[PDB]
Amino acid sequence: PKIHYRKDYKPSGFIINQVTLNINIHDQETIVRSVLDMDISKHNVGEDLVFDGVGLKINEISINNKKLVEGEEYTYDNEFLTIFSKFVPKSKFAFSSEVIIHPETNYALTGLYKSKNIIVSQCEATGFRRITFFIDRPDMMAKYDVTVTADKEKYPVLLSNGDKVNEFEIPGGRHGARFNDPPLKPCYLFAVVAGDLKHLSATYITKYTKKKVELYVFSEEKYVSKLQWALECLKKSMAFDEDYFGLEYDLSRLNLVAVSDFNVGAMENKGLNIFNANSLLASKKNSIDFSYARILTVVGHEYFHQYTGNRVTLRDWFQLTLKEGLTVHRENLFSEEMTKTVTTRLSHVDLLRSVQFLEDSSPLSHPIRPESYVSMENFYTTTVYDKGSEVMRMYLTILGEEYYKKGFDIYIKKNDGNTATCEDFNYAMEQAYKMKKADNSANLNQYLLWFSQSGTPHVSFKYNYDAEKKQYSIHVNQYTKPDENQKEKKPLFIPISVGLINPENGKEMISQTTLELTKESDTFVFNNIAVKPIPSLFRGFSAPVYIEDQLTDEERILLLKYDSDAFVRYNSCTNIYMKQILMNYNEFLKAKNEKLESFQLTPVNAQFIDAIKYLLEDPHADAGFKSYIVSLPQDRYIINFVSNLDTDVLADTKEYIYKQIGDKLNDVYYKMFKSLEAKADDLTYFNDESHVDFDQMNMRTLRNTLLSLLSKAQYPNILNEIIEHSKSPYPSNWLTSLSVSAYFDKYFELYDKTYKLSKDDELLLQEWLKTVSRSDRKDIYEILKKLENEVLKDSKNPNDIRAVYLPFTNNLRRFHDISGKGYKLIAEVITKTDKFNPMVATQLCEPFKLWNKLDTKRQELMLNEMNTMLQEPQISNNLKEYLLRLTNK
């Protein structure tokens, strides 16, 4: 098991200047001929020429048009092709090869593969060596000239990077196209697509040079009518980069291609972005509302990579967060601007504090720039992407918008066309920082610890108000727990966006203020503060930390009602729920441990319930925000706060608190579910493919959240509402009608009805599977066996597999059944999946991420299954590294 370390980076002793490819696709095989025009670099020391090449069948290899001889001049072990140096030329030379590969049986979805009737490549991070021999690393920049040939009836549309420069017929019903891409790129940005594709297209005229860019969006014929929203998202993302960053697309064409078999999200191959179909295709009739924000986010993300990844490039894979965290940050600024809803930012924070904080306190914890890896395909994580994004967003918080834009433009100007490292970005932000402070000794050297230090910092607070002096003090402390990567943790540069709210009238008492905490502790004093304020802390969630606000529930309720910042309101509500959860959890645990015949539970704070009602009833408050306040914090957020968590006790805890609140508010919930109908379900623009109303979708979210509350509660006659909801034209509503019907005898009648509505659209069927898998059913195990037998079968489609199993794994009572049957079930699936797609097998491991956080019993049950999987003689290297790291072994 070979380990790559970041401090071992050294430039290659070779150069590849030019690639010329001929890819000939036949029914039973694909033949790839390649010529690499190569040189010896200044770093060369007479070493063997070693190419990456995985799973390739050699017909022949040459240097300078002379065939090499296996054994005497080269060895190939199905991973590395070693050409002994005595046979490697000392000046410029040509390497050439012809290999056979088999996209039809390439179910790992890496390299060249077949998805249904489309041939498509995926090369990031190490897929190009599955297509042909190469020094497959991102600093090897080259020019590419690519020819593809195929049966014309089966593959009429042929695509690769660059300009299509020739199209030609070939006898026996075949054809070819040649594509030349002169600008240098790394091999992971190469792509090819062949298929009977249909398209929509538009022309975009750039803002400054007025260049015409042609936009093409492609899918299989059946779904071409679901491409319109994606095309609209593409125009939006080009405008945003133009308007916010001043940046224009450089190429004459940009193609977006949807495929059915894909490994999560999309891929930014230069001018040829390829997407999971679930992140490109939607229609109002056949998609849930979530698809619309998802397409916007993923199209935008792949577009923004054109600068941050494709024009400014990575020196090595350890810099991954420099393109990924920075592109997610760019993505999030665009989505916030396009949706105009506060729930966009809150949804990002909700994701980070549940999934990413869990990772960062697990044995898998790593900093956003790791020090080593075995498998690159395990490095594409929520920490690298989403914590990376919060690190990139903190520069904007520290600088503000004008100087942030200056620093960013410095980074692009200086590094356009070249590789870069995380230091280069920090350097650019520092120059902006020096200008902003007006002080050329000011620096961001301490900022660099955000790249190297793992774990989530904890930030805690104490306060002092002197009423005679009108003087208010905020005492702040930071700490990060030691973990496997650092013995001692150092204090970070933590920007704390704050306001001070007057508790008498709800008004702001100070101007915008961002505290820079740069030491282990500091005291921040404010004068002329006329009354004791309530502090509004980490506005916008201004650093990726555990916030310990040390406020009373009285103060938190006042913030929730009156504060101006949506995140502080939401966080105050979160902190009230957490104090409640921890209290009832310990009360239930003590009763279970002591086998009590009777015990008491602390009720939910009545003024908090009142504050929720006050907000729900406010006709001017936001529907998306309302849905957050009636929902308890996610299970994976809660688990960050409890040791040895017993999942049954936590389920009983959530049940009690939901019933306490429902016993007071269910009439208000019912009333709102009814009065919301008109605007939420308005069909005015149902047949307008480009009209997307985020506010209206948030209204539907709230209706569907309230309907779920009322159904769990068995509110009188709610089944009438459920049944009517099932007749809605919106899939978000009728799939909701399936989930909430779980509590009634009508479940299976709705299962059949919604199956029939979903079964003829591949992506809608996947959404139906997720609904079933997530259903709160006592017979959920029998229902999974039914999905396997009747719907899933032996599908190797990652979307189908993920849809059937992942939502089930979040079922707190049932996945964590104390017999361990749930863990056994998922382990069996992981091991089956690993035989053909180790990436998806690793994704299906996700519930095991918290194994060492649960009660003794469950910890032992999960560890048993992990060890069973590790003992499988046919385990992939990718699955093995992951589980070895997760189990500390």
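Don't overthink the numbering: it's just position in the shown sequence, from 1.
Mean CA B-factor, 90 to 98 versus 545 to 553: the higher value falls on 90 to 98. For the pair 747 to 755 and 180 to 188, the record assigns the higher mean C-alpha temperature factor to 747 to 755.
Sorting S511, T126, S260, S536 by the CA temperature factor given in the entry leaves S511 at the top. In the deposited coordinates, the residue among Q122, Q696, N720, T771 with the greatest CA B-factor is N720.
Remark: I58 belongs to the highest third of its chain, ranked by C-alpha B-factor as recorded. Annotation for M862: CA B-factor lies in the middle third of the chain's modelled residues.
When the modelled residues of the chain are ordered by C-alpha B-factor, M839 sits in the middle third. Looking at the C-alpha B-factors along this chain, the one for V264 belongs to the highest third. Ranked by Cα temperature factor within the chain, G624 sits in the middle third according to the deposited record.
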